[PDB]
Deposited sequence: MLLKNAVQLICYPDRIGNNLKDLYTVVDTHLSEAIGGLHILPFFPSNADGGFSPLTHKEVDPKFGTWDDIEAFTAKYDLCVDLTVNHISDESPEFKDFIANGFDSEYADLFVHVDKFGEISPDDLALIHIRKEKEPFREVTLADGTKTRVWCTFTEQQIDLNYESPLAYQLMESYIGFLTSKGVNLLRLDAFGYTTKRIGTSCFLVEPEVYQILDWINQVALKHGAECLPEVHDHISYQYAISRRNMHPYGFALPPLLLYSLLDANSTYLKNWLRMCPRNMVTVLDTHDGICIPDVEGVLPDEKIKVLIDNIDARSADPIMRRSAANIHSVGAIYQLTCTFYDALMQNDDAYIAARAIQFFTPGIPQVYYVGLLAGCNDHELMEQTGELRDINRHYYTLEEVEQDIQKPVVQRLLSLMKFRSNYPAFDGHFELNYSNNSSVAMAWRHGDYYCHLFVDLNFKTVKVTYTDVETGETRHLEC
């Protein structure tokens, strides 16, 4: 897998289709990116393809499989394996309803009547997305009432991992996708899949790791890399690094938001000393910033400083089990549209060990739009605005976006990152990150209280060290 800036993007949000994205990606980002994580295409009733009827298909409006294949041929390809759940509209679920209890698929779906009568203590013990019980009374064709357990939307149905049919549905999905050339696959919400009474049912030790390893092994024979995603204390991300499945850099976005807010480099630098390896490093993402990803990394005093100095166009936060659970804003509006601060943030991300991943609304320095969110009624939709290609053109004609593009291209192009990372000494208000591969060497220095981003690099054609201000 190549060490170049990637791109998380939608099949339909930019352009009218996947090919339209290909036209723009070839026209620009051809030299800047080298990878592509495309949010799901396959037909879904809920969560933007997070609940597909099947991974074995591509929705027609978004595009055709061959267009996805063309992306696979040119760049790296990452797509979502919703290992936790499948659609109710999905045929295997439909067959189970038609056959009622007597279906091969039904054994694969989890049933809550199997657990006996759950205690109130055991009930409260469960890790909760929303404040209704994670259950689903199904209307069978038989005219009978049964209960399946699902974590997210009712249309999504959780598939338990005590039936090997779960692992086998997985393996067929992985087979199709890795054949289509997907370099990497992200295991969506892996922790939720383990379920036990008297247990949180999220990230349960060590079965969740065992389930992850089996999926990873099938992918490795497949040749597709695994990027399981979890929103929990970084220690779980470190465990994923030990597994060799790639960890996510969920801690760095709020860490950098604080560090830029207060002009404070200390916690960022400790994290850099000890960050997990094989990480893929985000700033702006298609979800919000689920705060528990920064806890421990940033003190509660500083998380409170950040959350307060947020409250002001800027973030909106919805919390179910916490005073703040998540905050939804475009990263640009998180930094109050200050483009020097945003450039420093992207540079720091790129010098962070791991594979940097820029988001589309981030790449076009997009400001959040309330109106798309209001019609949807979805929070995260302020970070998921639709782009037309001429909107694209005029937005890449912005100075901040062109600076960003210069930055993205250099990080993918430069030899030194392929070497070792050495973080340098600096004061508590600035940061110094260096890469040294062989003769090649590059060096990011950011002043956080002035937002100045100076990179010194050695270029073989010159044969001499050179200094530029990205």
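Peer 1: Since the structure holds only modelled residues, which stretches of the deposited sequence does it leave out?
Peer 2: The deposited sequence has unmodelled segments at 1-2, 315-322.
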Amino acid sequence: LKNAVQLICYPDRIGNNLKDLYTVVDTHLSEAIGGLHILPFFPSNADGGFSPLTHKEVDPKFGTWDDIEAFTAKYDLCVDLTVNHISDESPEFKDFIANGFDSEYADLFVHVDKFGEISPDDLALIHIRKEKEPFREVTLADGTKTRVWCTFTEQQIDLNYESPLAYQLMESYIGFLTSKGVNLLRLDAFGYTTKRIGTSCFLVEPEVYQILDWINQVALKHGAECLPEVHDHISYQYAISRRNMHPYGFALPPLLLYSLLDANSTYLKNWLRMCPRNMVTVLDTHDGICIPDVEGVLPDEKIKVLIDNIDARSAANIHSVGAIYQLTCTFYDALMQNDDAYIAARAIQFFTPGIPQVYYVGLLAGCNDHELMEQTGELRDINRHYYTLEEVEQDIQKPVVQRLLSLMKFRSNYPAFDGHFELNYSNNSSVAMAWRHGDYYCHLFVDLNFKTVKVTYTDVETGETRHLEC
From here on, numbers count along this sequence of modelled residues.
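Peer 1: Can you tell me whether 90-98 has a higher mean C-alpha B factor than 359-367 in this record, or the other way round?
Peer 2: If you average the C-alpha B-factors of 90-98 and of 359-367, the larger mean comes out for 90-98.
Peer 1: Comparing average C-alpha B factors as deposited, tell me which of 27-35 and 427-435 sits higher.
Peer 2: On average, C-alpha B-factors are higher across 27-35.
Peer 1: Which is it among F71, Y267, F202, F250: the one with the largest CA B-factor in the entry?
Peer 2: Each of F71, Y267, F202, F250 was compared by C-alpha B-factor; the highest is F71.
Peer 1: Pick out which of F331, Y258, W214, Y105 has the highest C-alpha B-factor in the PDB entry.
Peer 2: The listed residue with the largest C-alpha B-factor is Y105.
Peer 1: For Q397, return the chain-relative third of its C-alpha B-factor as stated in the PDB record: lowest, middle or highest.
Peer 2: Top third by C-alpha B-factor.
Peer 1: Split into thirds by Cα B-factor across the chain's modelled residues, where does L140 land: lowest, middle or highest?
Peer 2: It belongs to the highest third of the chain when residues are ordered by C-alpha B-factor.
Peer 1: Mind checking which third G181 falls in for C-alpha B-factor across the chain?
Peer 2: Highest third - that is where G181 ends up once the chain's C-alpha B-factors are sorted.
Peer 1: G198: which third of its chain by C-alpha temperature factor?
Peer 2: Tercile = lowest for this residue's CA B-factor.
Peer 1: Grab the CA temperature factor for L404 from the record and place it in the lowest, middle or highest third of its chain.
Peer 2: Answer is middle: the recorded C-alpha B-factor places it there.
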